[PDB]
Amino acid sequence: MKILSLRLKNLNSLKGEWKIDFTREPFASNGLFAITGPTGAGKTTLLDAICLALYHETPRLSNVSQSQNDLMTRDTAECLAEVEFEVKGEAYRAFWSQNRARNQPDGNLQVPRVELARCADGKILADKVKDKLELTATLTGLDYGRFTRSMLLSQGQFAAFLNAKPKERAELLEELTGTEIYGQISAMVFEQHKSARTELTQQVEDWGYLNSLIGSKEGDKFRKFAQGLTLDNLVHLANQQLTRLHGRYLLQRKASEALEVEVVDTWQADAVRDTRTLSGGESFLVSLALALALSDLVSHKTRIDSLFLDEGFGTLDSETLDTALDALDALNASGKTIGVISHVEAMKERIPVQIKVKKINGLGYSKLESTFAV
Amino acid sequence: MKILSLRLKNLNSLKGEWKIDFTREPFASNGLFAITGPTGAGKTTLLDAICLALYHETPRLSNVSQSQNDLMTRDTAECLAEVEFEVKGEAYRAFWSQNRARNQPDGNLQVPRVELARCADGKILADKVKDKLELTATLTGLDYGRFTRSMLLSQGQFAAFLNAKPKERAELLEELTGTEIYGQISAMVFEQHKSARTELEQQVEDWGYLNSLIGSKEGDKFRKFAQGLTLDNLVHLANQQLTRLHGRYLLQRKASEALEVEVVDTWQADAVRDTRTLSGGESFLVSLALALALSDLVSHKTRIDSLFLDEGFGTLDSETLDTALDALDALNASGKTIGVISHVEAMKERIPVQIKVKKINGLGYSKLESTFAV
Amino acid sequence: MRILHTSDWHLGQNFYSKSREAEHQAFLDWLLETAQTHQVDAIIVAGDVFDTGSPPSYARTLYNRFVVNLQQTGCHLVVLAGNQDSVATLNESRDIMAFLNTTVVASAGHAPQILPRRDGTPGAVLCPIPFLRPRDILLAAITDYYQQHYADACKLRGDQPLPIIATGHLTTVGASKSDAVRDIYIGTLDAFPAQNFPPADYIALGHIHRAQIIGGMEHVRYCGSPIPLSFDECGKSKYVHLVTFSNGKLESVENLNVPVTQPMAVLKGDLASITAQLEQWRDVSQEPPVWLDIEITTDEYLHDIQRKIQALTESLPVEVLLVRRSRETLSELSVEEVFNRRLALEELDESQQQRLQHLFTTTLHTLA
Amino acid sequence: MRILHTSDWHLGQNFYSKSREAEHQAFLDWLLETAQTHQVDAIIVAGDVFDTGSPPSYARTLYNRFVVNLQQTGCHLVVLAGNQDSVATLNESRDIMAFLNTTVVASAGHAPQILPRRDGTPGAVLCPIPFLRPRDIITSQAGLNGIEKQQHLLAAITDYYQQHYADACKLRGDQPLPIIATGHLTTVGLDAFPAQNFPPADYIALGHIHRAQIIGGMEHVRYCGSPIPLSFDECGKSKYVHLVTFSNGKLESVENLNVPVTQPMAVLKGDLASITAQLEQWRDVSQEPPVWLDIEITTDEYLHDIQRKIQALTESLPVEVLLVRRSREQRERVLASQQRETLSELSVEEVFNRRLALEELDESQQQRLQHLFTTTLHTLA
DNA sequence: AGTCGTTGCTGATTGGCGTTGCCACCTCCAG
DNA sequence: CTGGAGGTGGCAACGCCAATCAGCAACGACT
Ligand SMILES: Nc1ncnc2c1ncn2[C@@H]1O[C@H](COP(=O)(O)OP(=O)(O)O)[C@@H](O)[C@H]1O
Ligand SMILES: Nc1ncnc2c1ncn2[C@@H]1O[C@H](COP(=O)(O)OP(=O)(O)O)[C@@H](O)[C@H]1O
Ligand SMILES: [Mg+2]
Ligand SMILES: [Mg+2]
Ligand SMILES: [Mn+2]
Ligand SMILES: [Mn+2]
């Protein structure tokens, strides 16, 4: 799962059609590239276009469909986003587009047209929305709720995994590791117990006792119980990653039913405390390490080699930001390619290649470099 | 409300006893003051002490009590925070302290010792948690749930008001405007409809009709319907404040049951948009203006004379940040004292009054300037 | 023989943010002083002693202090429960009150009592009748109860030459109401006819806060509250009636002016007019701050005009309590209007609107 | 002279949605009868008269009925404020009670007074001291700690006691009158008030403890305790009211008077079988009123809807159940013995066995539970 | 006519509210 | 010092319900 090309047409402040190819003269080194520009220029819009093309959805907007489409640019009758990604050495293409009735800047939002195809032979693999989503999920291994946790870190949602509730962390882990059977076991146990109870026997008593142990609707309880090993492996990988990203802290799981992680402050004689006490920058670094561990966890089943960090580099001071960027450079020296969006002046010099985005004298629109114009 | 002096002891990274007294020589002008230092130095801890001494809570930790206290520094046996504030020309003192058993770090946590007393008279007003909380809420007008939204803007939670549920938004509006009779009416309508329905198990259908119109438990429906006028009154002040902060946008109420604020883009031929589509910096500025308006909504009853916000300026470029700082300086003319947490070098150079939270390497502790030691 | 007639004290009433403790104390001490001066035989309080069913701490202290100071004077006293007063709040201390020359009646059906003079000889028949709850007993039911109760008192008096007095807490035809007057019998009775009172030698009534002679006869009166309980009656002086009896018949009735201790004023007109009307208190140095109701005639936002109102007042020895516009804010509109604005968006069929309006009104009243 | 020592009435208390009105009325009537029988001169109520600052209507009715029915006996009464009732609520009736042979103290600084005997002669010096709220005796100042403030409070309360006892001695002078003392605070014979700091008064009638006991072995300093059981932790204990006698200006003796139990209560332990066995003792008894029970079911992982079982067991009985609880607290999580084990390697049966091994069940149900668990895997395949 | 483009009609999720229970916090006490 | 009983409130899991998206078949406009 590496983004090869990105094509978008009239999304947010980016009027017109543009394409960015990550195999041209820039990005040839696969190094750090920094989307830079003023506020409200379409920097976040590029990552939103990528996410929309992949999964028909945006971090800000819950759904874009026949109704409530508000990602399309004003006084514009059509918008589309297309990406090319490579999985297991072969490349695919994803397409999502929507146009207005009679091609007017007003009128009904027509049902969007989507497709998924191979670049090897051009064969169309899926055109329905549901079938495309299912097929791309099976192919990539990442749903939206895993793409937005491992590959794309939105601004303000970097600590979403750290601050998520146990239910939606265990559900993420079971799907990521392909160990979903335990949820079905709890669902079946709860259904059997409820069916036995509604008839009203010692068998009902045994069913109740079994339900109190592992049984629960939607499979929450036994899933949370079982994913302890997965959380321990993940925190091991995250600690190994974090040793070089921030040397002060370590990570370990706590002795609680809720899937939670505690830090071990090696400076203060290994005093262990909860992550709720971490500073903003420390929590950002911990969440980045956890995301990298999420990527490394499934490297033996499906390999993801791209990472996008929307924001949160400001929470760091200069004396820590340089170390974080050095660790990111060390990671980027491997197969992983990473792109960072920030306004801080220090990162202006360290990252030499930039996808600059510029607004136009208050007209309300914005354009990036003409070399990306179609 | 305004803060006169802050005294804390052994909170987070700030080992020792520290007293920051405003109205001294450096702070006599009521001008801009910024808390500067590396990440993890304890800058937020200064703002955590103010919230702790007043409302027995801190933004990061839901509650601190006998059962748990993650705020007091490791390898230390006690912690306390005490603030002096002034409401309507009369000064008051709030006090919160906790000690470990036998003065040993491994001992169990004892119950906190809280007080609330006039500064000049010296008379004690309250000595228990609930009594102190209720009395300070009545005295200041605003409890914790309104402090954290109109007087202190914590890190990463500036957009809490916009992103909150309509239920929480309406509840905050009632708390500020003292209009709970509508919620009580709706709740008792729902209760009486339920009682009539159970007594059934022609009055029942009429009760159900009234319940469908305005009836709901805890009064959701009628609260949301009634608070639209308050939302419009708030939007007027929000537009007034936002005109100086960010001249592009204006705010307008959504025409839907779930009370929400749409935005008008004056540059795009006054095209109206949902508030979810705003950029990060634009959303931060909108939230700041809306919080200033929210503190100006009750100016006649209980005026608020200070504002604290935490590293929200990291999402602004060098020009939008300059406009926002000019607006904040102009608002400082009214006498509202602004305290800012940041790392941006431009604004750190701009603001001449600073509280430098110096960090001690290796130990993990930190200290202020020598003049603030006690 | 003399009797001071007062009612509608409304002790413990919170007037907006303010409280009436000082006014009530300066009224009660003056009342005791005038009672001693006129050597009155009894003091009667017909209803609404407390503003609500759960009076605050200071209201009960004022009531108890007044009763204690009564003993030094020597006058008998009577307490009646009004529409806002509650049983088990006045009736709970009844037994203690008996030892202090005070009788408290809250429940109906109490037998008539003989009211003694200062020398111990009988002076009159009291006919203690408090605010009659409909559940405790409609227009005829009030009338025949009054006639039956008077008849029982007439049997008790026999041929003795004593006046007969009657009590009541009810609205009557020809009366003038106010905003602070809470209505009673919302769904059963509209007004009591003044001609149905039994031929008692004198009638003492409350409920109405304005002193009024009702029905055209002298022996029936409204004494009204002793202090202004609303902004619509600030300028009218308050009265307490000192009735006199002799040879079993009414002699004369006199009005005593309660000295006002808390100035209250109402302003009117545009902001330009108010900027001039506020100059009535420029550098006057009123040691009790004056309470003002400002009826501004503007369309400007209330939360914006209150700022300049406070700015103007800050240079004056005055304290504003209420500001009302004569766009809208939720602090202005009535609950009925706000609910109707919900009904308007729904189908406007009157056949259901009338029932829904009645249901909403009864719900709101059950809250109150 | 003779006085009674009682405290902790807690009038108006609601006990699991139940009301203690009848029990309090019966206790008050019994106390009046006892005072009349024993020819008592005064009654002292050491605090916690009301269970809240704003007692309900019937609590005030009970207090009024007691204070008006006490007029027949002619004996004096002293009521003191505790940590529970409100200073303003008790000061409401100060002056009105002053005419009814009753004195109530709620605030500090109230000077010592002389208790008259039934014939009106000076009997004793009362020296009344209510629950000393910190807001009344100390002034807060900045720059102190949580323990330093407590030290200042203790020093101030000790100084207050000493000065007030000195004033009481000055008032007494030469007449042989026993200087009684009163208070409502915790003593241990730290935040408690040491007993050795008390003045050398002839008697100290304390409060704030619901159990009758002697402090420091000094018989002249006693805790009278509550006259009725206010919780299940004291249901089986008998409650006492002290009858104190003085002679020639010095303390003579203390006698304990049992308060008859009006509302019986009991507490039960053990499993459901033990609960049934203990309920067997009430099979056929005429109980007026029905006895109130607290049931603590010992956990053996029954995990049933025990509320229905208790309701069915106690339906035919003259029994009302106020509370039932159980100790089911336990953590449920996997321990990773080594990092080499991952959720893919371990089988479903292995994980379920790891789950069961954390529970201390036996083979009497382990086999059946494993069979039931395998049935689920059977029906998905 | 054809072809495409736009519009109107069922089923499967999904978020929202209410119900019941369980657990945690505060306060006044007792081992 | 610690526990512990007794309100009081908050959160969470489950049940039922109404709104919405996706799929499908039937007319209007442009060549
Ligand atoms: N439907 C729309 N039409 C036009 N402009 C839009 C629309 N929705 C959002 N925008 C604007 O597009 C811009 C996107 O900026 P964004 O990429 O979020 O900035 P940043 O990278 O600084 O966070 C903002 O100015 C936003 O208000
Ligand atoms: N209980 C504790 N003992 C010691 N240090 C702590 C404790 N809790 C938090 N800390 C540390 O105190 C520091 C507080 O920094 P903070 O004020 O959050 O920084 P910033 O202003 O950059 O957000 C962090 O290093 C945090 O990990
Ligand atoms: Mg952004
Ligand atoms: Mg921070
Ligand atoms: Mn009335
Ligand atoms: Mn009245």
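Here, residue 1 is simply the first one shown, and the rest follow in order.
Method reported for this entry: electron microscopy, 3.4 Å.
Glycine is no exception: its Cβ is also placed from the backbone N, Cα and C atoms.
What Swiss-Prot says about this protein:
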| type | residues | note |
| --- | --- | --- |
| BINDING | A:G37, A:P38, A:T39, A:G40, A:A41, A:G42, A:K43, A:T44 | ATP binding site |
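Residues from the binding-site residues list (A:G37, A:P38, A:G40, A:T44) with a C-beta closer than 6 Å to any atom of ligand 1: A:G40, A:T44. With 673 residues left out of the model between A:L200 and A:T201, the distance spanned by their C-alpha atoms equals 9 Å. Neighbours of A:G42 (ATP binding site), defined as other CB atoms within 10 A of its CB across all chains, total 25. Checking the binding-site residues A:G37, A:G42, A:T44 against ligand 3, the ones whose Cβ sits under 6 Å from it are A:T44. Within its own chain, A:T39 (ATP binding site) has A:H343 as residues 6 or more apart in sequence whose C-beta sits under 8 angstroms from its own. Cβ contacts within 10 Å of A:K43 (ATP binding site), excluding its own Cβ and spanning all protein chains shown: 28. The most densely surrounded of the binding-site residues A:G37, A:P38, A:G40, judged by C-beta neighbours within 10 angstroms, is A:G40. Its Cβ placed at the centre, A:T44 (ATP binding site) has 24 other Cβ atoms within 10 Å. Long-range neighbours of A:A41 (ATP binding site) (same chain, six or more residues apart, CB within less than 8 Å of its CB): A:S13, A:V357, A:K358, A:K359, A:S366.
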